[PDB]
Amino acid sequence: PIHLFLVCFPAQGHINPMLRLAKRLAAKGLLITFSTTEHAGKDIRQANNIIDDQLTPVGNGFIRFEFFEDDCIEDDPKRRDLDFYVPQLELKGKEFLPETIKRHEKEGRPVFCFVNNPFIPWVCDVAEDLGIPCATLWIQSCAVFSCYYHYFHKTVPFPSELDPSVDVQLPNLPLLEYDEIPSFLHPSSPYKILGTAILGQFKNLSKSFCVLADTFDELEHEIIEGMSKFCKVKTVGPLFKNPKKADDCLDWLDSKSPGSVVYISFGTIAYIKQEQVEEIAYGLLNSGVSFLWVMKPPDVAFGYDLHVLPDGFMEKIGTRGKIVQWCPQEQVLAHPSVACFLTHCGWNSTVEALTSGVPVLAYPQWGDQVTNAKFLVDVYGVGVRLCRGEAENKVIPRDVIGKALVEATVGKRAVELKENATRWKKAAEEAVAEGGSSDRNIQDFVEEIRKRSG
């Protein structure tokens, strides 16, 4: 009977994790409304079989969709600029939320709690107006949440224009160099606007009684407890891992020996340099390893030149190498043929790798990738560092890539990284299981929503 209204920023990287929160919340006997703009919601309509607000059953509960217009044309280039679209969403969101809460109370299914996104903190402003509690979903590590929080509150000195190389020492965190904090917070970063977009939620954080993070207690225990006095953070992850599809990727991996395929993926946004693609190709070619390389075409908005492989690379590479543009990463990471994972250290790939027990080769670029790569190599003990990010502006040569591919496949260090990754796999799976640390936190979340209604 409890109805929760989830609002999400219109981006793929934001919609999919919030969808996982909807599935985990609905399974507990809850009615979950997933809300975003129409231009992003239509992707969810044709992905499944929903064209209206028909109740889709998810376990003991249901999931329905509700989309509001943003007054932009179908493929408006205006949406690509956050300086306009972030206030535009606030304009169109603040006039849609109150009229649908009053109608839901009229129809007998009133909203008990709000769950929003840091990119749309106006939901917390609206939740306070209607007297409905609000919570914020955070799809980054709590260690990164601590970084943004202490940057906004100036707890310690951070890299500034005058002092850009200073270290940052935060409680319950390792010592972070200037390029190890989230790159959007560096004064020489070209994506400061993304940092300002995340920091907008910290002007509003008091209006959310708790923050839901896509992590588990065993991974960041010291960090979650350290943020308690500043913000009640509840671990509900890994959200992708079901508590209780296929492609030609899995069919190809079925033919390879266990722990012998290198998985390469750089996410959905990051596009590395052509010269670095050349060095990675020669690295895989001369090392003699088997690999599955995801070469995702970039969005046409950027004037990116398409990545070209070396002359005759895919010919010298035999049946032991597979180029694709997309693969079910969760199913590939769980395949026994995968040895390591060359990743850009996106938080979703970071959590997916740890939950799957796959050691990684850290090649971060920007954002929280440089902070995730630090914990993967120096804290979680499952990674092999390749670079320090886009600000390093260094092409990693073939021989260094070659030495790291062999370091993560054969030798004594490979067995140590695999044993640490296996131990993190048992912790992640236990957390989302019945009675685990994350599943219990989800139960405690539904409890406080029931307690706050009266």
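Numbering starts at 1 and follows the sequence shown.
Going from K244 to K245, the model skips 10 or more deposited residues, which lack coordinates.
Comparing 37 to 45 with 394 to 402, the higher mean C-alpha B-factor in the PDB entry belongs to 37 to 45. Looking at mean Cα B-factors across 234 to 242 and 103 to 111, the upper value is held by 103 to 111. The maximum CA B-factor among the listed residues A281, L130, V261, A362, taken from the PDB record, is found at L130. If you compare the C-alpha temperature factors of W366, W347, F291, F96 in the entry, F96 comes out highest. In the deposited entry, the Cα temperature factor of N172 places it in the highest third of its chain's modelled residues. Per the PDB record, residue ranking by Cα B-factor puts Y178 in the middle third of the chain. Among the modelled residues of its chain, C249 has a C-alpha B-factor that falls in the highest third, as given in the PDB entry. Among the modelled residues of its chain, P87 has a C-alpha B-factor that falls in the middle third, as given in the PDB entry. Annotation for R423: C-alpha temperature factor in the middle third relative to the rest of the modelled chain, per the entry.
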